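Student: One structure, as structure tokens, below. Some questions next.
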Amino acid sequence: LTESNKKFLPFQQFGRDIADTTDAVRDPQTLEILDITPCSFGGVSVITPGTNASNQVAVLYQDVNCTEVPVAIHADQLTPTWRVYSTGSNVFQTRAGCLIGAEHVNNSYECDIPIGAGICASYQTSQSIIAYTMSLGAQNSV
Amino acid sequence: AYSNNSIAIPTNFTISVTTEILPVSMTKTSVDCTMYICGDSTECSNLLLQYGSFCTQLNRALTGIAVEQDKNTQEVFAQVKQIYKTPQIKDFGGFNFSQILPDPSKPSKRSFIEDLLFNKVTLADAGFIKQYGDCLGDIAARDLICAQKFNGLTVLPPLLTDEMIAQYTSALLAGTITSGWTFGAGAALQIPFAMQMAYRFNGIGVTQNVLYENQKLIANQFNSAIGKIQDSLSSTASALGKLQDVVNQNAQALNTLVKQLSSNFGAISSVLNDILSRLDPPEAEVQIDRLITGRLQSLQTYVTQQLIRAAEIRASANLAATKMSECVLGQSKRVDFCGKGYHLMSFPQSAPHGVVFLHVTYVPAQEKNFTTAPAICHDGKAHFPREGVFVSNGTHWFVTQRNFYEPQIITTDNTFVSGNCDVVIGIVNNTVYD
Amino acid sequence: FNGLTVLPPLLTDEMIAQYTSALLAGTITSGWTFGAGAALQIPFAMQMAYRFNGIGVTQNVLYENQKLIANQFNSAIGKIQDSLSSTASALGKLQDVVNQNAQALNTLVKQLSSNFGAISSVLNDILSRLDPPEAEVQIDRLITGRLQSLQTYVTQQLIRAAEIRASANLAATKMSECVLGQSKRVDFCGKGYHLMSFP
Amino acid sequence: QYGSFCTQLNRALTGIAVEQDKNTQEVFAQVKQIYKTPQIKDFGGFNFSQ
Ligand SMILES: *[C@@H]1O[C@H](CO)[C@@H](O)[C@H](O)[C@H]1NC(C)=O
Ligand SMILES: *[C@@H]1O[C@H](CO)[C@@H](O)[C@H](O)[C@H]1NC(C)=O
Ligand SMILES: *[C@@H]1O[C@H](CO)[C@@H](O)[C@H](O)[C@H]1NC(C)=O
Ligand SMILES: *[C@@H]1O[C@H](CO)[C@@H](O)[C@H](O)[C@H]1NC(C)=O
Ligand SMILES: *[C@@H]1O[C@H](CO)[C@@H](O)[C@H](O)[C@H]1NC(C)=O
Ligand SMILES: *[C@@H]1O[C@H](CO)[C@@H](O)[C@H](O)[C@H]1NC(C)=O
Ligand SMILES: *[C@@H]1O[C@H](CO)[C@@H](O)[C@H](O)[C@H]1NC(C)=O
Ligand SMILES: *[C@@H]1O[C@H](CO)[C@@H](O)[C@H](O)[C@H]1NC(C)=O
Ligand SMILES: *[C@@H]1O[C@H](CO)[C@@H](O)[C@H](O)[C@H]1NC(C)=O
Ligand SMILES: *[C@@H]1O[C@H](CO)[C@@H](O)[C@H](O)[C@H]1NC(C)=O
Ligand SMILES: *[C@@H]1O[C@H](CO)[C@@H](O)[C@H](O)[C@H]1NC(C)=O
């Protein structure tokens, strides 16, 4: 529940969404409009090497800027060792959302784990997860 | 006007540039198994747990579709792994490639025709933007995108950005204009452009002296054809129907999937909230089960249509890859494969979720009827031309090539002797100077 | 009477025959020139010599043995006609497509008699015997079954349409390459060294 | 109360019919100039009457 700028009719009580969903509800005691948002965030992708390799993972949040990552995923009411992936230090912003848990490097290699928008991830040396811009090939001229 | 002794030989020619548009990939999507059916309800999720692995199969199929979309793009555009850069010079013997070569001025290194093509598609990339800040406190209701996002439906971005695709196309163009077809079979070997055009003319069956003697006219015709193509693109908008059709079909499918959430499917209400509010659980299981069955059938229908569309797009991408490899990386002798006429060259241009080919062909212009004979008789021997046909100007007899009128005096080098004059039918009498 | 109809094709068979006749006239009076632009006249023997040069045999071979080759062509056409007029299993593909479509439609019609778990498959004798709120359950079961049948039919139709589209693309390529020109691809326009094709 | 279940079926069937017509047009309409058969049959001994 949050505060809403929507205006209801004087006798209205509920607000319905396009897909027959409740959007905003008027509080019966204090006559204010509160909008309803699901607390489940869709668009979480887990980047991992094989389980035989390691247990480190890097989380990608789709279409979110990392200023409001803890707010979007409700990091307050989350267990520990998940609040680490919300407000971290290896925070990298891409056009496909922004990736937390991988160190950004300026060296371009061949794509290993495709993430999106020209960014690929790889597991390299001790060992850690690095993210980089994929390389199309060797530069040449005629 | 068929006759058994009449032939027609073209005298002039026209250089025409045509356009071909082929869809390569479609949008990649993901669906949340639980948030679409039983969104934010522990009871409904517990009930959905009793349906087994229904939605894991849907996720697997959608993942395969996305992977094959990326694979289609890679196969179409990553033929060469060496990124040749455009030369600083533009001395291509009168040919003007500025309309298709990259323009550094634009923020995205794209050419004029590419800018036209990307501006001709009215999609605005609706999957993008909406960075979870747009679906927040506002006076208006949710857009058609926030409804998809809040119900578990998402769009995955393509692996290759449009700038990388433009770089690939630019490398292909630079290679094909500075080396010919040699850069596809191995290392790129430099060659002046007029020589390459002479090689193509020899490939289509016209002697290279025709190109050499009329270089300026051919260059002007090519420039005019490119200008006409640019004007046609800048005037009309229905030439890009296929890409817009793919985008519209995918968007309509997603919108219908969202709008299907309001169906009752035989239950008291389509809203999950006001079933658990009014009905005690063991009585509510019936309504919840009906809703689950309906909403699970909707996803299966969506996934099946997506798989069929993906198969069609894969076929189109395979055709596009073959067209690139044959028309762009070489010269194709297949009829009606790289443009109507006699193929000379093709130029690739990037388009939104597609490719555009600029086929360059050779077309005869003006014909002239003549009198022809299969063979020429002599003192006990029959004569046939090595390469060409026999043509008479009413009084004399000449030999000329097939696709261009260039009469020559009949000598020993033109014709070879085989047999005698009685066996051949239609053999005429004329002198053969040595 | 149950809502299933067949739409007629846009092109009648006479228009298709006109198209094929135009293609035949062009390919016998001009060669391959009518596919690349304006049709240019040429005597037929010279066109056959051009094809012989295309397959790697000098045109004097055709010129010296014109009568024998013409007789062989006529005999081959006669044998093709006799084989067509004798057997009937050479057209299995078209008959198979027609039979599959007809069987699909007939099965869709015959599926209307399934109960799908209701008291009766006839809609009339449910509303005749059951009051509406009690009849809603039976009506819903029947609706679900008859709606699943249509979905199965449509999915099968889409798959068959994809196959037919692939076949049509192959046919168009074959027409453009074998009919409008001479093809050097092996086993694409007949076994051997291709000379010409007629649609 | 079942929503747009059958509109999708109608759309798919319409697309199938349209693509059938498109297939016929692509196969048979390669040339738009209707050449007529010549009055003569002097094709050097070749018989095309069948
Ligand atoms: C309802 O009662 C509470 C408690 O007295 C009060 O704070 C609130 O303003 C009241 N609301 C209305 C609409 O009367
Ligand atoms: C994981 O797979 C590799 C591949 O053979 C194997 O060498 C390794 O032992 C596996 N790890 C475990 C814990 O079995
Ligand atoms: C949200 O993301 C954009 C990226 O386009 C960024 O520029 C902006 O600063 C972010 N919001 C905040 C409050 O930082
Ligand atoms: C990589 O580039 C960024 C941006 O220029 C820079 O801040 C960072 O220090 C670079 N990393 C290294 C190891 O130099
Ligand atoms: C065919 O050629 C012969 C000469 O060999 C000529 O007499 C005859 O008129 C020609 N046929 C036609 C229809 O003109
Ligand atoms: C071919 O056409 C061009 C364009 O009209 C013309 O300038 C040129 O003179 C023509 N050539 C011949 C040989 O007629
Ligand atoms: C090529 O065309 C552009 C515009 O179409 C023109 O500005 C440029 O001067 C042309 N190139 C040459 C060498 O004239
Ligand atoms: C050449 O002559 C034939 C017969 O005399 C005639 O039918 C044909 O139209 C002529 N060609 C041209 C281009 O006039
Ligand atoms: C045909 O061309 C030759 C070549 O110059 C010329 O000598 C002859 O007079 C021409 N014939 C006619 C009928 O104009
Ligand atoms: C050419 O020679 C043949 C026999 O060798 C003869 O019948 C014919 O009349 C000759 N033609 C001319 C124009 O003299
Ligand atoms: C061509 O064949 C038909 C029957 O097969 C025959 O009637 C006709 O005479 C033949 N053509 C010629 C020129 O003999």
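Scheme for the structure tokens: letters A, B, ... for chains in order shown; per-chain residue numbers from 1; ligand numbers from 1 in order shown.
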Excluding range 194-208 of chain B and residues on its chain fewer than 4 positions from it, collect all residues at most 9 Å away from it, counting only C-alpha atoms, and give them as number ranges by chain.

Tutor: B: 92-93, 177, 179-180, 212-213, 215, 331, 333, 342-345, 362, 401-404

Student: Using only C-alpha atoms, which chain D residues lie at most 7 Å away from chain C, written as JSON, numbers by chain?

Tutor: {"D": [9, 16, 21, 23, 26, 27, 28, 29, 34, 35, 36, 37, 43, 44, 45, 46, 47]}

Student: For the residues selected in the previous step, produce a file with N, CA, C and O atoms as a compact mmCIF listing (two decimals), in the first residue's frame.

Tutor:
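So out-v8.txt came out as:
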# COMPACT_ATOMS: atom_id res chain seq x y z
N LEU D 9 -8.97 -18.13 -33.01
CA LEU D 9 -9.14 -19.18 -34.01
C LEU D 9 -9.50 -18.59 -35.37
O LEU D 9 -8.96 -19.00 -36.40
N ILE D 16 -4.27 -18.36 -42.47
CA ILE D 16 -4.00 -19.55 -43.29
C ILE D 16 -4.57 -19.38 -44.69
O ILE D 16 -3.90 -19.69 -45.69
N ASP D 21 -3.64 -18.21 -50.66
CA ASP D 21 -3.70 -17.37 -51.86
C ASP D 21 -2.33 -16.81 -52.22
O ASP D 21 -1.97 -16.76 -53.41
N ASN D 23 0.59 -18.21 -51.59
CA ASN D 23 1.38 -19.29 -52.16
C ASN D 23 1.05 -19.49 -53.63
O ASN D 23 1.96 -19.61 -54.47
N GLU D 26 2.57 -16.54 -55.63
CA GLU D 26 4.02 -16.61 -55.76
C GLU D 26 4.43 -17.70 -56.74
O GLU D 26 5.38 -17.53 -57.51
N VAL D 27 3.75 -18.85 -56.71
CA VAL D 27 4.15 -19.94 -57.59
C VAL D 27 3.84 -19.62 -59.04
O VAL D 27 4.68 -19.82 -59.93
N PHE D 28 2.64 -19.09 -59.33
CA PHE D 28 2.18 -19.04 -60.71
C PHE D 28 2.25 -17.67 -61.37
O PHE D 28 2.14 -17.59 -62.60
N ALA D 29 2.44 -16.59 -60.61
CA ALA D 29 2.42 -15.24 -61.18
C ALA D 29 3.81 -14.64 -61.32
O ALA D 29 4.01 -13.45 -61.06
N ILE D 34 1.31 -11.70 -70.61
CA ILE D 34 0.62 -12.92 -71.03
C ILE D 34 0.93 -13.12 -72.51
O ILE D 34 0.24 -12.62 -73.40
N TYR D 35 2.00 -13.88 -72.78
CA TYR D 35 2.34 -14.25 -74.14
C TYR D 35 1.42 -15.35 -74.63
O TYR D 35 1.13 -16.31 -73.91
N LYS D 36 0.96 -15.23 -75.87
CA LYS D 36 0.05 -16.19 -76.47
C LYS D 36 0.80 -17.12 -77.40
O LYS D 36 1.83 -16.76 -77.98
N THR D 37 0.28 -18.34 -77.54
CA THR D 37 0.96 -19.37 -78.32
C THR D 37 1.02 -18.97 -79.79
O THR D 37 0.01 -18.52 -80.35
N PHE D 43 9.07 -25.77 -84.95
CA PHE D 43 10.09 -25.78 -83.91
C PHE D 43 11.20 -26.77 -84.21
O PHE D 43 11.79 -27.34 -83.28
N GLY D 44 11.50 -26.99 -85.48
CA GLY D 44 12.59 -27.88 -85.86
C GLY D 44 12.38 -29.33 -85.52
O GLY D 44 13.31 -30.00 -85.05
N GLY D 45 11.17 -29.85 -85.74
CA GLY D 45 10.87 -31.25 -85.48
C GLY D 45 10.37 -31.56 -84.09
O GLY D 45 9.97 -32.70 -83.84
N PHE D 46 10.37 -30.59 -83.19
CA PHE D 46 9.85 -30.80 -81.84
C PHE D 46 8.34 -30.62 -81.83
O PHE D 46 7.80 -29.70 -82.44
N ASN D 47 7.65 -31.52 -81.13
CA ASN D 47 6.19 -31.55 -81.08
C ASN D 47 5.76 -31.17 -79.67
O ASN D 47 5.98 -31.93 -78.72

Student: Kindly provide, as a VMD selection string, the residues of chain B having any atom no farther than 6 Å from an atom of chain A, counting only C-alpha atoms.

Tutor: chain B and resid 81 to 85 131 137 to 139 152 157 to 161 259 261 to 262

Student: Export, as a short mmCIF file (atom, residue, chain, number, x, y, z; two decimals), in the first residue's frame, the selected residues with N, CA, C and O atoms.

Tutor:
data_model
loop_
_atom_site.label_atom_id
_atom_site.label_comp_id
_atom_site.auth_asym_id
_atom_site.auth_seq_id
_atom_site.Cartn_x
_atom_site.Cartn_y
_atom_site.Cartn_z
N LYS B 81 34.32 -12.47 -39.18
CA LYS B 81 34.77 -12.08 -37.86
C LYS B 81 35.91 -11.06 -37.90
O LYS B 81 36.54 -10.80 -36.87
N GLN B 82 36.19 -10.49 -39.07
CA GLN B 82 37.22 -9.47 -39.23
C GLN B 82 36.53 -8.16 -39.58
O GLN B 82 35.81 -8.09 -40.58
N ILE B 83 36.75 -7.14 -38.76
CA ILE B 83 36.00 -5.88 -38.86
C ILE B 83 36.83 -4.93 -39.71
O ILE B 83 37.68 -4.19 -39.21
N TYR B 84 36.59 -4.95 -41.02
CA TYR B 84 37.23 -4.01 -41.92
C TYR B 84 36.56 -2.64 -41.80
O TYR B 84 35.33 -2.54 -41.72
N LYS B 85 37.37 -1.59 -41.80
CA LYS B 85 36.88 -0.23 -41.66
C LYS B 85 36.87 0.47 -43.01
O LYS B 85 37.66 0.14 -43.91
N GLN B 131 11.02 1.81 -16.70
CA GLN B 131 12.02 1.26 -15.80
C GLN B 131 11.53 1.24 -14.36
O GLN B 131 12.23 1.71 -13.45
N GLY B 137 3.15 6.24 -8.83
CA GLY B 137 2.06 7.14 -8.54
C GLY B 137 1.78 8.16 -9.62
O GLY B 137 2.57 9.08 -9.84
N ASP B 138 0.65 8.01 -10.31
CA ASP B 138 0.24 8.95 -11.35
C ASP B 138 -1.28 8.98 -11.42
O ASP B 138 -1.96 8.06 -10.97
N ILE B 139 -1.80 10.07 -11.98
CA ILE B 139 -3.25 10.26 -12.04
C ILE B 139 -3.89 9.22 -12.97
O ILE B 139 -4.94 8.66 -12.65
N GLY B 152 3.29 -10.65 -14.70
CA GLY B 152 4.28 -11.68 -14.90
C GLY B 152 4.84 -11.83 -16.30
O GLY B 152 5.61 -12.76 -16.53
N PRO B 157 15.75 -8.22 -23.63
CA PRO B 157 16.42 -7.45 -24.67
C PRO B 157 17.29 -8.33 -25.54
O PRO B 157 17.80 -9.37 -25.09
N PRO B 158 17.48 -7.96 -26.81
CA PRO B 158 18.36 -8.75 -27.68
C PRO B 158 19.81 -8.67 -27.25
O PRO B 158 20.26 -7.68 -26.66
N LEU B 159 20.56 -9.73 -27.55
CA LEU B 159 21.97 -9.79 -27.18
C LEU B 159 22.79 -8.75 -27.93
O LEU B 159 23.68 -8.12 -27.35
N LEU B 160 22.50 -8.55 -29.21
CA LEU B 160 23.24 -7.62 -30.05
C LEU B 160 22.48 -6.31 -30.13
O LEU B 160 21.31 -6.28 -30.52
N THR B 161 23.15 -5.22 -29.77
CA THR B 161 22.58 -3.89 -29.96
C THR B 161 22.59 -3.52 -31.44
O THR B 161 23.31 -4.12 -32.25
N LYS B 259 -5.45 -9.43 -21.55
CA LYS B 259 -6.89 -9.18 -21.47
C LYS B 259 -7.69 -10.45 -21.18
O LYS B 259 -8.85 -10.35 -20.78
N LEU B 261 -7.30 -12.29 -18.71
CA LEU B 261 -7.36 -12.49 -17.26
C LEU B 261 -8.73 -12.16 -16.67
O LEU B 261 -8.99 -12.53 -15.53
N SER B 262 -9.59 -11.47 -17.41
CA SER B 262 -10.90 -11.07 -16.91
C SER B 262 -12.00 -12.07 -17.23
O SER B 262 -13.17 -11.80 -16.95
#

Student: Using only C-alpha atoms and all ligand atoms, find each residue with an atom at most 9 Å away from ligand 7 and format the answer as a PyMOL selection string.

Tutor: chain B and resi 90-91+94-99+223+226-227

Student: Show me which residues line ligand 11, defined as having an atom within 7 Å of a ligand atom where only C-alpha atoms and all ligand atoms count, and present them as a PyMOL selection string.

Tutor: chain D and resi 47-50

Student: What residues in chain D lie within 8 Å of chain B, counting only C-alpha atoms, written as an NGL selection string?

Tutor: :D and (1-4 or 38 or 42-43)

Student: Can you pull out every residue with an atom within 9 Å of ligand 8? Use only C-alpha atoms and all ligand atoms and format it as a ChimeraX atom specification.

Tutor: /B:1-3,6-8,366-370 /C:41

Student: Which residues form the shell of 10 Å around ligand 2 when you count only C-alpha atoms and all ligand atoms, given as a CSV table (one decimal) with C-alpha atoms, in the first residue's frame?

Tutor:
chain,number,residue,atom,x,y,z
A,50,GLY,CA,28.1,-24.6,-12.8
A,51,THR,CA,27.4,-25.9,-9.3
A,52,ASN,CA,30.6,-28.0,-9.8
A,53,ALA,CA,32.6,-24.8,-10.3
A,54,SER,CA,31.5,-22.5,-7.4

Student: As JSON, numbers by chain, please: every protein or nucleic acid residue near ligand 4 (cut-off 12 Å, counting only C-alpha atoms and all ligand atoms).

Tutor: {"A": [92, 103, 104, 105, 106, 107, 108, 131, 132, 133]}

Student: Generate the output file for the selected residues, C-alpha atoms, as a compact mmCIF listing (two decimals), in the first residue's frame.

Tutor:
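Everything below was put into part12.txt:
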# COMPACT_ATOMS: atom_id res chain seq x y z
CA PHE A 92 27.15 -2.06 -12.70
CA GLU A 103 33.07 -6.97 -11.20
CA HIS A 104 33.13 -4.79 -14.30
CA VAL A 105 36.24 -4.93 -16.49
CA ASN A 106 37.36 -2.82 -19.45
CA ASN A 107 38.87 -5.73 -21.41
CA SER A 108 36.68 -7.16 -24.18
CA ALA A 131 31.16 -8.79 -16.73
CA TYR A 132 32.37 -7.12 -19.92
CA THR A 133 31.34 -5.88 -23.35

Student: Given a cut-off of 8 Å, what residues near ligand 1 show up using only C-alpha atoms and all ligand atoms, put as a list in words?

Tutor: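 Selection of residues at most 8 Å from ligand 1: residues 28, 29, 30 and 31 of chain A.
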
Student: Write out as a ChimeraX atom specification the set of residues from range 227-347 of chain B that DSSP, computed on the backbone, places in strand (DSSP E).

Tutor: /B:342-347

Student: Within 10 Å of residue 47 in chain A, counting only C-alpha atoms, which residues qualify if same-chain residues fewer than 2 places away don't, as a VMD selection string?

Tutor: chain A and resid 44 to 45 49 to 50 56 to 60 99 101 to 102 113 to 115 121 to 122 129

Student: Find, counting only C-alpha atoms, the residue in B:47, B:320, B:31, B:315 that gets nearest to chain C.

Tutor: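 Result for the nearest residue to chain C: B:315.
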
Student: Please identify every residue of chain B that has at least one atom no farther than 7 Å from an atom of ligand 10, counting only C-alpha atoms and all ligand atoms, and for each give the shortest atom pair and the distance in Å to one decimal, arranged by chain then increasing number, as CSV.

Tutor:
residue,atom,partner,partner_atom_place_in_ligand_line,distance
B:377,CA,ligand 10,1 (C),6.7
B:378,CA,ligand 10,5 (O),6.8
B:379,CA,ligand 10,5 (O),6.9
B:428,CA,ligand 10,1 (C),6.7
B:429,CA,ligand 10,1 (C),4.2
B:430,CA,ligand 10,13 (C),6.9

Student: Put those residues in a file: N, CA, C and O atoms, as a compact mmCIF listing (two decimals), in the first residue's frame.

Tutor:
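See result-v1.txt below for the written result:
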# COMPACT_ATOMS: atom_id res chain seq x y z
N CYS B 377 28.59 -21.96 -94.44
CA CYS B 377 29.27 -22.91 -95.30
C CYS B 377 30.53 -22.31 -95.91
O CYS B 377 30.68 -21.09 -96.02
N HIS B 378 31.43 -23.19 -96.31
CA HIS B 378 32.67 -22.80 -96.98
C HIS B 378 33.04 -23.93 -97.93
O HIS B 378 32.20 -24.77 -98.27
N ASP B 379 34.30 -23.96 -98.37
CA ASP B 379 34.75 -24.98 -99.31
C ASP B 379 34.84 -26.32 -98.58
O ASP B 379 35.89 -26.74 -98.08
N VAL B 428 24.06 -21.40 -94.31
CA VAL B 428 24.06 -20.45 -95.41
C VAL B 428 25.48 -20.31 -95.96
O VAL B 428 26.45 -20.76 -95.36
N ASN B 429 25.58 -19.66 -97.12
CA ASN B 429 26.84 -19.49 -97.83
C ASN B 429 27.35 -18.07 -97.62
O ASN B 429 26.62 -17.10 -97.86
N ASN B 430 28.60 -17.96 -97.17
CA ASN B 430 29.27 -16.67 -97.08
C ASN B 430 30.76 -16.93 -96.94
O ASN B 430 31.18 -18.05 -96.62
